[PDB]
**Student:** 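Can you read through this structure? Questions will come right after.
Within every chain, numbering begins at 1; the chains are lettered A, B, ... in the order of the sequence lines, protein sequences first and strands thereafter. All values below were derived from every heavy atom in this structure, side-chain atoms included, with hydrogens, water molecules and symmetry-related copies excluded.
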Amino acid sequence: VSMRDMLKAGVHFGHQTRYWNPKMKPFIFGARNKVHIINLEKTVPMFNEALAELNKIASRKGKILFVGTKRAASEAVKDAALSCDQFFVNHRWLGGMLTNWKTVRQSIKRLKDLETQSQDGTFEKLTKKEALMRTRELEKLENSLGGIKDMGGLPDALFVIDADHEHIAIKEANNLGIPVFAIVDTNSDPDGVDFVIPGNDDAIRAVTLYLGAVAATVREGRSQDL
Amino acid sequence: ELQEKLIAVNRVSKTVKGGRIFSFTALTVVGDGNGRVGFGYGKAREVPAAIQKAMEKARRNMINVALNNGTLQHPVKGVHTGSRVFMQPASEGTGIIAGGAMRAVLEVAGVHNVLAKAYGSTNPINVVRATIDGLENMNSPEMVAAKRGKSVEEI
Amino acid sequence: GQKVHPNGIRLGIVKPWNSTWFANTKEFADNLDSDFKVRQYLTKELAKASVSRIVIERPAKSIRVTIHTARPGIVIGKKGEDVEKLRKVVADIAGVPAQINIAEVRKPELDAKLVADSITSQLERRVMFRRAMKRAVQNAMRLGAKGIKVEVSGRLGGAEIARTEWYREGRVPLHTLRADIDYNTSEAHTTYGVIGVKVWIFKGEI
RNA sequence: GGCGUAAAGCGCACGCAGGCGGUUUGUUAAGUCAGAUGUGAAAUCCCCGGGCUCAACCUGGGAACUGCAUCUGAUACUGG
RNA sequence: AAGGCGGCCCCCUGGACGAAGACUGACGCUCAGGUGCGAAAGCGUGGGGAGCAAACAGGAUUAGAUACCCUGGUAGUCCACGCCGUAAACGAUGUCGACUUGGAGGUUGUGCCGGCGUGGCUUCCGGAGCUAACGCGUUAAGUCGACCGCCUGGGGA
RNA sequence: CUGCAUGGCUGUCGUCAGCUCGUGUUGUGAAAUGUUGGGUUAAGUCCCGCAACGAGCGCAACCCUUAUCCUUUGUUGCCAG
RNA sequence: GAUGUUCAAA
Ligand SMILES: [Mg+2]
Ligand SMILES: [Mg+2]
Ligand SMILES: [Mg+2]
Ligand SMILES: [Mg+2]
Ligand SMILES: [Mg+2]
Ligand SMILES: [Mg+2]
Ligand SMILES: [Mg+2]
Ligand SMILES: [Mg+2]
Ligand SMILES: [Mg+2]
Ligand SMILES: [Mg+2]
Ligand SMILES: [Mg+2]
Ligand SMILES: [Mg+2]
Ligand SMILES: [Mg+2]
Ligand SMILES: [Mg+2]
Ligand SMILES: [Mg+2]
Ligand SMILES: [Mg+2]
Ligand SMILES: [Mg+2]
Ligand SMILES: [Mg+2]
Ligand SMILES: [Mg+2]
Ligand SMILES: [Mg+2]
Ligand SMILES: [Mg+2]
Ligand SMILES: [Mg+2]
Ligand SMILES: [Mg+2]
Ligand SMILES: [Mg+2]
Ligand SMILES: [Mg+2]
Ligand SMILES: [Mg+2]
Ligand SMILES: [Mg+2]
Ligand SMILES: [Mg+2]
Ligand SMILES: [Mg+2]
Ligand SMILES: [Mg+2]
């Protein structure tokens, strides 16, 4: 986490100048070959304070949800969230995942029952027919709700890897008054995200840097609580 | 300690191949007093089911209002969808003088002395939204002081 | 479209036959005619007795009449004076010895016959029909109905044109055969016109 | 209070009267504002009382009638 | 300016915009009355008349068919010079000025070193905002100031 | 006598694939959304996308018949030995 | 791709 760290990963890159967002004028340095460049000098200083805020949330034994429905950071977010023993969303953000907690909880309870019965539970009465249906349903409910299966509640803080891609998620967080930390890009808008973080999300090694950064803050805070 | 008032009830209809499908809507205002007031709109087949849903939404969307004693801080004008409501602080003991929909919002809010007149459309949903907009518009002297870096010179 | 009798389609699969005996063609029709005379006789003077189902079995020795009344008190009276007289008449109908068996309707609002008959009586008494159907549905729900459906059709409320109103709460799966559906139909002879009351009661499968 | 579609932009332009007018200095003080003074009848109205047994009613004082005129001063803006 | 304006050539003539400087010194904005311009149809007089085509006629269609369809066909359309002064003359949005995120074009200039900058006009989408909604959205229906025209239930009108 | 006062029953599209609801979200609101779209299926069948997430009635399945095997009984049916 | 008029109120 410094000036040299992010520039090495090449996270300063942005979307074509024609696909830019006007509310990104403070976090934009310039344009090269019709490609916007986020100013590292504007972001890094205010990037650390957002990571400190995540520690302040983690200190209260808060639940941090990490949303990366983007293919680029798909496996990145899952591993980052699981490394810190926190929850995540990866296959796709279902609408009403936060606002309609009652209906999502119903499906999570069925998912848990399918899991505890498909493996540990007796496979007797398989009839050879319904076995392939129930297991497939379990896989569908695992990809969609597996990350938040053991959350049993509403996230204290929300982490988003792309504001425009997860606009629905940020909108649900804003409705529930949940603080949002999002890696916004020249194309995205920062109105909904409480702690705006400028930076490229397209690069694989770039997102892993941000996901590794936040992961260390929560681990640093759980250790401080211990 | 939470006050619930039903501003209005109406029977709406959705035509289908068979005929009319009647439904009921309820506009309710929830205020605990001390300037916290919320409104909710609910729809159901029955009037009791409709009022409960409206009360639920209202409790979720309660907003805070700056209040001087039992009266408004300053004269306020709030306009929503062609409904222009007007509000102004009144003296102690003057009571509440407002249209019934508007009077409901203010009493639950915690306002006891006010002179309110409603212009434009008198539709209850629009007027209560304009009243809520106006109550939010009202500003404390301390907020004005912090905004202009003034040490409460006005009071 | 047109719906098959819920009892009829699954009578072999689930519902018990009201008549459960064996005959040949010599007396098959005779027995059926006798059953009809027993049933129509019982219903006319046991209208206040809330009789629901008349199940008849025919041993080559006697006639066994299982009656599913909600109130045993009235159908039997004191020390069974009304039931002995009932036996003497029903016996004379089929010209054979008569056995009367009385069944207990512990859960009445869960029986399609009783609810339909009550709704028809309310229509005869001019109780507004929108309220009675809703009340019956609520009673069935508060006492354990998985599904309910009431269809009062006819010149409702002295209307010039007949109308069809139905109200369904819960779940009524007629197409699923293993489903159990208690279905009955009563008729209201209101002064303006005949009013048909249909009731479906879903109480689980298997 | 309005005028795309509910009533409501002249078919379009030019242009006199009229309305409005960038910027600076000086000057005037017409508008403007301040002070003072006179007047603004009584009744009414309102306030604090008084008398009719109460009340209506009647009445004492005050407030009000901030409108008009003159005198004096200010000049920030408008006007010359 | 609007109404409008299409083969080419010549003659006379109006406006707009760009560039770098000189010059005047508020000479401005708007405009009741007033005046000019103003599609098509019409009207007057003199031409012209190919095509089209009100009217009119015949044929069909149809219960009927003063229509639609067909076959014709006069005014008119065309020109000169008058008159008329009206259109859903519409962006159904008066004119002038300032301010207020953007993105893709078209079209006419213009500097710089294939790109970049900078003006004029114009099309689409769209943010805030506004709007009853549709929508408008830097060419506003956003936020303002100047002046003018107009409206104030539906008919009657 | 009146099916144009009715009930019950029945034809029809048509076995057509549809009809809705809970909660969430959107819109001042009536309402919408799901139920749309890309495929696919006999089918709102299924899948991917998608502010929707699920659920019900219909669809299918369950019921009946037939196609094949196994076991039991053997008469009034059967005959390898 | 010819033609097909109408329908007081509750
Ligand atoms: Mg009005
Ligand atoms: Mg059938
Ligand atoms: Mg008006
Ligand atoms: Mg109009
Ligand atoms: Mg115009
Ligand atoms: Mg000036
Ligand atoms: Mg003076
Ligand atoms: Mg006086
Ligand atoms: Mg002009
Ligand atoms: Mg004029
Ligand atoms: Mg002409
Ligand atoms: Mg002529
Ligand atoms: Mg011709
Ligand atoms: Mg012709
Ligand atoms: Mg006109
Ligand atoms: Mg016009
Ligand atoms: Mg402008
Ligand atoms: Mg637009
Ligand atoms: Mg714009
Ligand atoms: Mg009929
Ligand atoms: Mg008929
Ligand atoms: Mg089908
Ligand atoms: Mg809403
Ligand atoms: Mg819904
Ligand atoms: Mg739908
Ligand atoms: Mg549908
Ligand atoms: Mg739709
Ligand atoms: Mg589809
Ligand atoms: Mg289905
Ligand atoms: Mg779908």
**Student:** What integer distance in Å separates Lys3(C):NZ from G8(F):P?
**Tutor:**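 Roughly 15 Å, once rounded to whole Å.
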**Student:** Would you tell me if any nitrogen or oxygen in the side chain of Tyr119(B) comes within less than 4.0 Å of OP1 or OP2 on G2(D)?
**Tutor:**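 False: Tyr119(B) side-chain N/O out of range (4.0 Å or more) of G2(D) OP1/OP2.
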**Student:** Identify the nucleotide, in any strand shown, that forms a Watson-Crick or G-U wobble pair with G7(E), with both distances under 3.5 Å; if there is none, say none.
**Tutor:**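 Because no pair has both required distances under 3.5 Å, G7(E) counts as unpaired.
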**Student:** Wobble or Watson-Crick, both distances short of 3.5 angstrom: do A16(E) and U71(F) pair?
**Tutor:**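 Pairing fails for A16(E) and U71(F), missing the Watson-Crick or G-U definition.
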**Student:** For the side chain of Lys102(A), starting at C-beta, report the closest nucleotide among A104(E), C63(F), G24(F).
**Tutor:**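 Closest nucleotide to the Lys102(A) side chain: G24(F).
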**Student:** Scan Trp93(A) against the nucleic acid and name what it touches under 4.0 Å (heavy atoms): base, sugar-phosphate only, or nothing.
**Tutor:**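 No contact.
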**Student:** Categorize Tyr19(A) for me: base, sugar-phosphate, or nothing, with a 4.0 angstrom heavy-atom threshold over every strand shown.
**Tutor:**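 No contact at all - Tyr19(A) keeps every heavy atom at 4.0 Å or more from the nucleic acid.
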**Student:** Mind checking if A22(E) and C23(E) stack, meaning centres of the six-membered rings less than 5.5 Å apart and planes less than 30° off?
**Tutor:**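 When the rule is applied to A22(E) and its neighbour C23(E), the answer comes out as yes.
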**Student:** If we only count Watson-Crick and G-U wobble pairs whose two distances fall under 3.5 Å, is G149(E) paired to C3(D)?
**Tutor:**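 Yes, a Watson-Crick or G-U wobble pair.
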**Student:** If a pair has to be Watson-Crick or G-U wobble with both distances under 3.5 Å, does that hold for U23(F) and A52(F)?
**Tutor:**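 A pair, by the stated definition.
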**Student:** Side-chain N or O of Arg60(B) less than 4.0 angstrom from OP1 or OP2 on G24(F)?
**Tutor:**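 So the side-chain polar atoms of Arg60(B) do come within 4.0 Å of the phosphate oxygens OP1 or OP2 of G24(F), strictly under.
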**Student:** Could you tell me whether the phosphate oxygens of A30(F), OP1 or OP2, come under 4.0 Å of any side-chain nitrogen or oxygen in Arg11(B)?
**Tutor:**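 For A30(F), OP1/OP2 do not have a side-chain N/O of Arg11(B) under 4.0 Å.
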**Student:** Closest approach to the side chain of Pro173(C), judged atom by atom: which nucleotide of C57(F), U25(F), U28(F) is it?
**Tutor:**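 The answer is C57(F), which lies nearest to the side chain.
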**Student:** Considering residues at least two apart in sequence or located in another chain, which fulfil the side-chain contact (heavy atoms from CB on, under 4.5 Å) criterion with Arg59(B)?
**Tutor:**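 So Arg59(B) forms a side-chain contact (heavy atoms from CB on, under 4.5 Å) with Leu2(B), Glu4(B), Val30(B), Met55(B).
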**Student:** Is the distance between the six-membered ring centres of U35(F) and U36(F) below 5.5 Å, and is the angle between those ring planes below 30 degrees?
**Tutor:**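 Per the 5.5 Å and 30° rule, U35(F) does not stack on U36(F).
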**Student:** Heavy atoms under 4.0 Å, any strand shown: does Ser13(B) hit a base, just sugar-phosphate, or nothing?
**Tutor:**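 Counting heavy atoms under 4.0 Å across all strands, the contact made by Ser13(B) is with sugar-phosphate only.
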**Student:** Is it true that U12(F) and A26(E) form a pair, Watson-Crick or G-U wobble, with both distances below 3.5 Å?
**Tutor:**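 No, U12(F) does not pair with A26(E).
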**Student:** Among the candidates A104(E), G102(E), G7(F), find the nucleotide nearest to the side-chain atoms of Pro22(A).
**Tutor:**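 So the nucleotide nearest the side chain must be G102(E).
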**Student:** Identify whether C52(E) and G76(E) are a Watson-Crick or G-U wobble pair (both distances under 3.5 Å).
**Tutor:**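 Yes, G76(E) pairs with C52(E).
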**Student:** Checking one value: the base orientation of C19(F), syn if chi is within 90 degrees of 0, otherwise anti.
**Tutor:**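 Here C19(F) takes the anti form, which means its glycosidic angle is more than 90° from 0.
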**Student:** What is the base-pairing partner of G18(D), counting Watson-Crick and G-U wobble geometry with both distances under 3.5 Å?
**Tutor:**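 In the structure as shown, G18(D) has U30(E) as its Watson-Crick or wobble partner.
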**Student:** Could you tell me which nucleotide pairs with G58(E) by Watson-Crick or G-U wobble geometry, both distances under 3.5 Å, or answer none if nothing does?
**Tutor:**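 When the pairing criteria are applied, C70(E) turns out to be the nucleotide that pairs with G58(E).
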**Student:** Among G54(F), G7(F), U101(E), find the nucleotide with the atom closest to the side chain of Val194(C).
**Tutor:**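 Closest nucleotide to the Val194(C) side chain: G7(F).
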**Student:** Compare side-chain N and O positions of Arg129(B) against OP1 and OP2 of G29(F) and report whether any pair is under 4.0 Å apart.
**Tutor:**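 Yes.
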**Student:** Strictly by Watson-Crick or wobble contacts shorter than 3.5 Å, is anything paired with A67(F), and which nucleotide is it?
**Tutor:**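 Base partner found: none.
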**Student:** Regarding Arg11(B) and the six-membered ring of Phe22(B), is the cationic atom NZ or CZ under 6.0 Å from the ring centre and inside 45° of its axis?
**Tutor:**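 Satisfied, under 6.0 Å and within 45°.
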**Student:** Expressed in angstrom and rounded to an integer, what is the separation of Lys109(A) atom NZ from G54(F) atom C1'?
**Tutor:**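 One finds 14 Å between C1' of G54(F) and NZ of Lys109(A), rounded.
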**Student:** Is it true that the neighbouring bases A89(E) and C90(E) have six-membered rings whose centres sit under 5.5 Å apart and whose planes meet at under 30°?
**Tutor:**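 Not stacked: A89(E) and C90(E) fail the distance or angle limit.
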**Student:** Please indicate whether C14(D) is base-paired to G34(E) in either the Watson-Crick or the G-U wobble sense, using a 3.5 Å limit on both distances.
**Tutor:**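 Verdict: paired bases.
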**Student:** Mark yes when both conditions hold for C4(F) and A5(F) (six-membered ring centres under 5.5 angstrom, interplanar angle under 30 degrees), and no otherwise.
**Tutor:**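 No: the six-membered rings of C4(F) and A5(F) fail the 5.5 Å and 30° test.
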**Student:** Spell out protein contact along nucleotides 32-53 of chain F as letters: B when the base is contacted, S when just the sugar-phosphate is, - when no protein heavy atom is under 4.0 Å; keep the 5' to 3' order.
**Tutor:** S---------------S-BBSB
**Student:** Should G26(D) form a Watson-Crick or G-U wobble pair with both distances under 3.5 Å, which nucleotide is its partner?
**Tutor:**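 Across all strands, not a single nucleotide pairs with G26(D).
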**Student:** Using a 3.5 Å limit on both distances, is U35(E) in a Watson-Crick or G-U wobble pair with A13(D)?
**Tutor:**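 Indeed, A13(D) forms a Watson-Crick or wobble pair with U35(E), both distances being under 3.5 Å.
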**Student:** Looking at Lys25(A), does any N or O in its side chain come under 4.0 Å of the phosphate oxygens OP1/OP2 on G102(E)?
**Tutor:**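 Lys25(A) to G102(E) OP1/OP2: side-chain N or O found under 4.0 Å.
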**Student:** Can you tell me the Watson-Crick or wobble partner of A36(D), both distances under 3.5 angstrom?
**Tutor:**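 The base-pairing partner of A36(D), which may sit in any strand shown, is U70(D).
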**Student:** Closest to the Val12(B) side chain: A30(F), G58(F), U28(F)?
**Tutor:**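 For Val12(B), the side-chain atoms sit closest to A30(F).
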**Student:** Measure from the side chain of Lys198(C), starting at C-beta and using heavy atoms only, and say which of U20(F), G8(F), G24(F) lies closest.
**Tutor:**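 Looking only at heavy atoms from C-beta outward on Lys198(C), the closest nucleotide is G8(F).
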**Student:** Is the distance from OP1 or OP2 of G103(E) to the nearest side-chain N or O of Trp20(A) less than 4.0 Å?
**Tutor:**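 For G103(E), OP1 or OP2 has a side-chain N or O of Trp20(A) closer than 4.0 Å.
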**Student:** Tell me whether the OP1 or OP2 atom of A30(F) has a side-chain N or O from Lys43(B) closer than 4.0 Å.
**Tutor:**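 For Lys43(B), the contact criterion (side-chain N or O under 4.0 Å from OP1 or OP2 of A30(F)) is met.
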**Student:** May I have the distance from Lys34(A) (atom NZ) to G115(E) (atom P), rounded to whole angstrom?
**Tutor:**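 Those two atoms, NZ and P, are 11 Å apart.
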**Student:** NA contact type, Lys53(B), heavy-atom cut-off 4.0 Å: base, sugar-phosphate, or nothing?
**Tutor:**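 Sugar-phosphate contact only - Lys53(B) comes under 4.0 Å of backbone atoms but never of a base.
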**Student:** Could you identify the nucleotide paired to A42(F), looking across every strand shown and requiring Watson-Crick or G-U wobble geometry with both distances under 3.5 Å?
**Tutor:**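 The answer is none; no pair meets the criterion.
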**Student:** For the residue pair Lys63(A) and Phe87(A), would you count it as a cation-pi contact if the rule is NZ or CZ under 6.0 angstrom from the ring centre and within 45 degrees of the ring axis?
**Tutor:**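 The answer is no, since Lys63(A) fails at least one limit relative to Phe87(A).
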**Student:** So does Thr176(C) reach the base of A61(F) with its side chain, donor to acceptor, closer than 3.5 Å?
**Tutor:**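 Indeed, a donor on one side and an acceptor on the other fall under 3.5 Å apart.
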**Student:** Report yes or no: do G73(E) and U95(E) constitute a Watson-Crick or wobble pair with both atom distances shorter than 3.5 Å?
**Tutor:**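 Result no; criteria under 3.5 Å not both met.
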**Student:** Measure from the side chain of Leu174(C), starting at C-beta and using heavy atoms only, and say which of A30(F), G58(F), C57(F) lies closest.
**Tutor:**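 Taking heavy atoms from C-beta onward, the closest nucleotide is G58(F).
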**Student:** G77(F) and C50(F), Watson-Crick or G-U wobble pair at under 3.5 Å for both distances?
**Tutor:**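 No; nothing between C50(F) and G77(F) satisfies the definition, which requires both distances under 3.5 Å.
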**Student:** Tabulate protein N/O versus nucleotide N/O from nucleotides 12-17 of chain F, keeping only pairs under 3.5 Å, one per line.
**Tutor:**
from: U12(F); atom 1: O4; to: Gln2(C); atom 2: OE1; distance (Å): 3.0

**Student:** When the ring planes of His5(C) and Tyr183(C) are compared, do they come out parallel, tilted or perpendicular, using 30° and 60° as the limits?
**Tutor:**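 Geometry flag for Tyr183(C) against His5(C): perpendicular rings.
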**Student:** Can you tell me the Watson-Crick or wobble partner of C46(D), both distances under 3.5 angstrom?
**Tutor:**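 Check on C46(D): paired to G62(D), both distances under 3.5 Å.
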**Student:** At under 4.0 Å, does any side-chain N or O of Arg178(C) touch on OP1 or OP2 of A61(F)?
**Tutor:**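 Checking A61(F) against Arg178(C), no side-chain N or O comes under 4.0 Å of OP1 or OP2.
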**Student:** Under a 3.5 Å limit on both distances, do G126(E) and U152(E) form a Watson-Crick or G-U wobble pair?
**Tutor:**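 No, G126(E) does not pair with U152(E), since the Watson-Crick or G-U wobble distances are not both under 3.5 Å.
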